């Protein structure tokens, strides 16, 4: 009757203070013959003894009709708060992998945040913690692709550094800027989760929280991607996709692709954020970030949309073809307004408020404007009270629609069947972030539970019983679409893979499988590839639960 059902738990585990779910999922070909009134019993059991420490009848069945299709039962063993290691065991039924009760999101946060260090480009790594190593890569980054006012095609720019974007080695302003902004916000809201020396970095012990050293790596690369008029180049990559080789073997010439106004505004926003946040630690870096943001805005105020993405620029890198810059300009306006207080920036906001504010949506490289909504409401001084009230209402409504989807979803993931896209994991966690934004304005325990459920979900509470974060839990991605991992045979831990995707591009998954549309194989770049913008909301949501 309980074959082959599965009991799903967070494969890392649970903090003592939080709700603690376990989900019994029945075989797709099964009940059907649910004997009416049948009730599964769950025990939690010490890993060492097998001593039962918690026992409870499971609620259910429920049919996850809008998402997985599964028949679920569930328990909440919140009561159990004794630190240690455990297994969940359905009587006469399946057993879970081992998990801890303890401050588990400190280690999750660590791995996710430190993964950026392991993605850095343009610098040798020989890391003893991890075993990850490669010699100096991409020290020739890079040559200007098209003529512009400053440089002829073929000019060498010093645009070394930054992060490898994903499982390739391209560096892209569009993800780098939203990623840096989101790490910054994690730190700003949860500074007590982030210390100097936390991340075992080259910068550990300089008196600055390591997460800010990492952010600074990304932002300093943005500086090199900025043209003296303030415009920001779109991305830097080879003409060809490297094979599964090390980054130091990827010796093709690399090119700096043409500017874009969305990139210019995203970098403005992230820099203006850093100006505010780095002020107590490094006042000179603060100023510099502020000067850059200001020069970028000068460019934007003199320029219409520039959003050209020639198909041929995609020959060795992804497009990130964000085809509207208004949500990016809004965000840049807010952040500049917040740190300078200047009318010129608030004027832009008020003008937009007359014709229509950017749509409120989970933070993404297309639309980052939720950060502007939030930062205006929480950080803006002497604003317009009618705008502020509009921003607040949109923030609470956004969480509300997220929460409604979460309630429709047996596994917690706020995404319905038919809507699983490339990066669905990131989208889950980013929706977790909108719940937490609303929670921050208006505390609401169910929202915090729903956000936690996004961590549980990416860490094994899902119909594949899969941990989508490398090196975490008991069933992580062993074959990530990641060139260094594949070439080196050394795992890079702490990277979140995209996850389930209804719309396949490769051979190893079929369409419309929803939360089941995933394959742990190297080739599946649409399902099993990590990216910097995936890790960003992971670090955010994890930091919430690492600090309380």
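Numbering follows the first chain given and starts at 1.
- Across the two stretches, 314-322 and 78-86, the PDB entry reports the greater mean Cα temperature factor for 78-86.
- Legend: mean Cα B-factor per stretch from the PDB entry, 27-35 versus 482-490; the higher mean is in 27-35.
- The top Cα temperature factor in the record, among 188, 427, 442, 456, falls on 442.
- When the C-alpha B-factors of 220, 327, 375, 344 are read from the PDB record, the largest value belongs to 344.
- In the deposited entry, the Cα temperature factor of residue 496 places it in the lowest third of its chain's modelled residues.
- Sort the modelled residues of the chain by CA B factor and residue 198 lands in the lowest third.
- Placement of the Cα temperature factor of residue 412 within the chain: middle third of the modelled residues, per the deposited record.
- For residue 474, the recorded CA temperature factor ranks within the middle third of the chain's modelled residues.
- Sort the chain's modelled residues by C-alpha temperature factor and residue 288 lands in the middle third, per the entry.
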